[PDB]
Each structure stands twice: as C-alpha cells, then as structure tokens.
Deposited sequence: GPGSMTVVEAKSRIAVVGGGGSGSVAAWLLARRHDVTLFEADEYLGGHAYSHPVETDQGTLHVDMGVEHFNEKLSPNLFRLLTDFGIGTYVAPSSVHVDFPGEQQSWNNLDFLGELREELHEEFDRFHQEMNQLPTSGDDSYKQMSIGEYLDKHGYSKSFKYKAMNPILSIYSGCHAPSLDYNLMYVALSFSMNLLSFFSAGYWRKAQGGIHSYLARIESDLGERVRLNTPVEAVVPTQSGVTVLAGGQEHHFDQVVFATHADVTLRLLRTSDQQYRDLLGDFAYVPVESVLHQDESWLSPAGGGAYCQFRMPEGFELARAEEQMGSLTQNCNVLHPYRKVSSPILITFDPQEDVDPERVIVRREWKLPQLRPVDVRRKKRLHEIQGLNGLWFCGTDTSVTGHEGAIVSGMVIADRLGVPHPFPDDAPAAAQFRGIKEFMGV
C-alpha cells in the first residue's frame, strides 16, 4: 500500500493504539475510540489514598519480559518502569479448611489433591515434547475434584469466572505451567507497569494528538469504488484503507458489505462476560488467604455432581503489591462477584467480554487471513491473534508492517521472533 494514504483505525484498545501509532509514521491516520480513554481492556482507574493517587489496573495488568517482549521494549523505550507482582493464588471451598494455595502446603484440598498437583506439573513440562484442558484431564485420569477445585479456579484468573475454561486449548494451559505463569507450587513470574497499564497508552495518545478521536464510536464502515467510508460522530469520513482493531462481534455489526463470507468468518466468535469491581470491602478477603494476591472463593452450596453449573468469584488484594505497601486504604478488585459488593464500599465497576479459547476458536482466528486486505480492509486485535496483550499489540504491528511501517524492534531477538510468529499466525 502506497505512502501518505488516509487510514482509519477503528477501536483504540492496545492493538488499535499501537497500530495507529506506527501507521502515523507513513500515513494520515485517524483513530476512532468508542470510550473516553485509549486502552479498552487496559484501564487504570484513579484511586485516592493516604499516599496520593494510584492508577489501579482493573483489566489488563500482567505481562513479563519473556512472554511480552514487544510490550516490554515499548515500555522501556517510553521510560516506563515495571515491577514483579507474583501470581500467588489461594482457593477456598465451603467447609473447614477446604483450601489450597500457591505459597505453602496448608489446607485440606492440598492434602486431598497433593499427588495430582505434582503429576500435572510433570506432565505439562513434558508435554511440548490440539485438544482441550478438560479432555486432557479426563483422558489422563485426573479426579473431578482436581478439575473443579484446582484447574477451573486457577484458570479463572485468566479466563474469568463465567468461562468454560476446561474447554480451552490445552497448549495455552501447558505453556502457562512450563513458563511459570500459573503454578500449584510457586507464585508465578509476572510484572505490572509503574503508574498502571494506561501509562504507555497515555504516551501513544500524546504522540498521536488530534489524530485521536475519543468518545467517537464508529457506526458504520462502507467500502466504495473511490475508497472506504466511515460513519462516525454524525459525520462521514473518507479513507483509502480502514484498519479494524475492534472485536469480531463489533466488526461485523459495523461492516457494511454485500459480501457474506464476512458473516461466515466473523459471526460465531464466542465470548465470556467479565465484571470487574474495584472496591474497599475487606470482607471479600479470605481469613486464611489474605497474603495471596489472587483469592478464589467458591460459595456455599457447591456440589461436585453439579460443578459444571456453579461458579466462584476471584478477588485480588492490591494491598499486597509492592508499590501499594504504605497505603492504608483497602484496594480490592472482585471479578464476577456472586453476592453484591457493599455499594457504599464500591469505587467503580467495568463490564467487558473476553474471547473463548477452545481449539475451534483458534481455527476461527487463523481463518481471518482470507479477508485481509480486501476492499481496503485490515483486521488486528485479540480475535486475530494469540491471546494476551503481547498478541494484541503485535497484531497491530503486523498490520502496520504490511502497510509500509516495519516492525520497530528488529535488533531485539525475542521481540522480532514474536512478530514473526504472530505474522505467520495471522497469515499476513
């Protein structure tokens, strides 16, 4: 594609913001964002404490230098620091001492499932040497108690508490175990961005300037003989190319083509609802947990026989975070609370949706290469890529590279490799 083209990026989440940021180096870019900030799932909400204002990540928060080399380099290039926020996990079920945790060997669920936690690490480490985690567990003789009291809870930390996590791709889970992201024996190795995840997006927003249109949801995207027409904010805008950084769900709604292969490729993408509640109600902390960053509680009334229908809640104790250590205010995040959180203690709520990561869903992502470039249209974002923020931002980069702007970090071996892998995965 020809230089100085008029390009629109639709959706200002991580993939869109990074796509736009790089595209603007060669093209006349405009970034449309439905909401009042750049970042989407990457949102840091200001909380007022006894130490000043903290920007508390409510969605996206975790990455590391190995898993997310491009995001890491981006942060580093921007002067943004990071810190280690280990994924310590405590799981509570109804009963007396019906728990296990990441940090120690205490709890009755640990006594009950000790052998299984052990074998699972071994097997996940031996695995990399296309099924679901559940199929694997069934097939390799793991107890139903392990599936629903250990596996499903630990996976909800990724997938949300409404997610059919046991149907998600095994390699996703195997890799997380072998890379020390999830573990039944130690707190996993993760980092957070200093000043919250929003910090890198703040800089992208500053760099893009008036090219960014906030609170401007795109209503329709209509390719024509002359170009592509974007209906947003009660006006009509004209472009040569349009980059989609929105979810497949949204993209289909916004897309206005006679072509019905679009309905085929974009319809049928499956999602999971997630509610993130930022609150100060300490009653959500476990009396046995407390110390653990991630605290999963399964409510009273759980039955193994009907486990498939029941769901818990996940609470994050932000006070455990090193930079929050002098803060005397409780800072808590409950994802998918079953009971209502005391609204006199609630700071803010966010409602989002995540993709399902079943092996069929992975096939569905890859197939999007068929419509890539057609009718002056491009696609990036989580639904075109590997899961996680690196996958998201790198998809944006893959599109920018295809549209003239090369991968910005070629001398960074792991960053370049990730770009190459994601470009291959996208079929671009």
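*Asks:* Just jot down which stretches of the deposited chain sequence have no CA coordinates, in the order they come.
*Replies:* No C-alpha coordinates exist for 1-7, 137-143.
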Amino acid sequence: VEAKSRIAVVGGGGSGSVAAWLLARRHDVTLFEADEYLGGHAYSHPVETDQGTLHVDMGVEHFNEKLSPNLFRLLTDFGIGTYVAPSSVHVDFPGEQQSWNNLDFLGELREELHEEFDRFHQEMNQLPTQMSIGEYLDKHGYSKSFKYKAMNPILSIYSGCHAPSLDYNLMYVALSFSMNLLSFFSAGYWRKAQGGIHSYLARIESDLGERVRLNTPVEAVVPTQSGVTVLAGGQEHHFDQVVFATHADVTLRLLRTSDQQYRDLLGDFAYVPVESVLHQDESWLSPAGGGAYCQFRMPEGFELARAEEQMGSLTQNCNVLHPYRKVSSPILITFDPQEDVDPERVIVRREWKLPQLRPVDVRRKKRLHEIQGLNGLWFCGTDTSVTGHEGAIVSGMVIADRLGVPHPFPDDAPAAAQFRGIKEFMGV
From here on, numbers count along this sequence of modelled residues.
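*Asks:* Comparing 252-260 with 267-275, which has the greater mean CA B-factor as deposited?
*Replies:* Stretch with the higher mean C-alpha B-factor: 252-260.
*Asks:* Decide which of the stretches 222-230 and 290-298 has the higher mean C-alpha B-factor, going by the entry.
*Replies:* The deposited B-factors put 222-230 ahead on the C-alpha mean.
*Asks:* Whose CA atom has the top B-factor in the entry, of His41, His45, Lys366, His389?
*Replies:* Comparing C-alpha B-factors across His41, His45, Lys366, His389, the top value belongs to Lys366.
*Asks:* Name the residue from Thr129, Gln280, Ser87, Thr82 with the greatest C-alpha temperature factor listed in the entry.
*Replies:* Of the options given, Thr129 has the highest CA B-factor in the PDB entry.
*Asks:* Lowest, middle or highest third: where is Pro343 by Cα B-factor in its chain?
*Replies:* Ranked within chain, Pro343 CA B lands in the highest tercile.
*Asks:* Taking the chain's C-alpha temperature factors as the reference, tell me which third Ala24 falls into: lowest, middle or highest.
*Replies:* It belongs to the middle third of the chain when residues are ordered by C-alpha B-factor.
*Asks:* Going by what the PDB entry lists, where does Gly12 fall on CA B-factor within its chain: lowest, middle or highest third?
*Replies:* Answer is middle: the recorded C-alpha B-factor places it there.
*Asks:* Please rank the C-alpha B-factors of the chain's modelled residues and tell me whether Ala413 sits in the lowest, middle or highest third.
*Replies:* Highest third, going by the recorded CA B-factors of the chain.
*Asks:* Quick check on the deposited entry: does the C-alpha B-factor of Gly52 sit in the lowest, middle or highest third of its chain?
*Replies:* Answer is lowest: the recorded C-alpha B-factor places it there.
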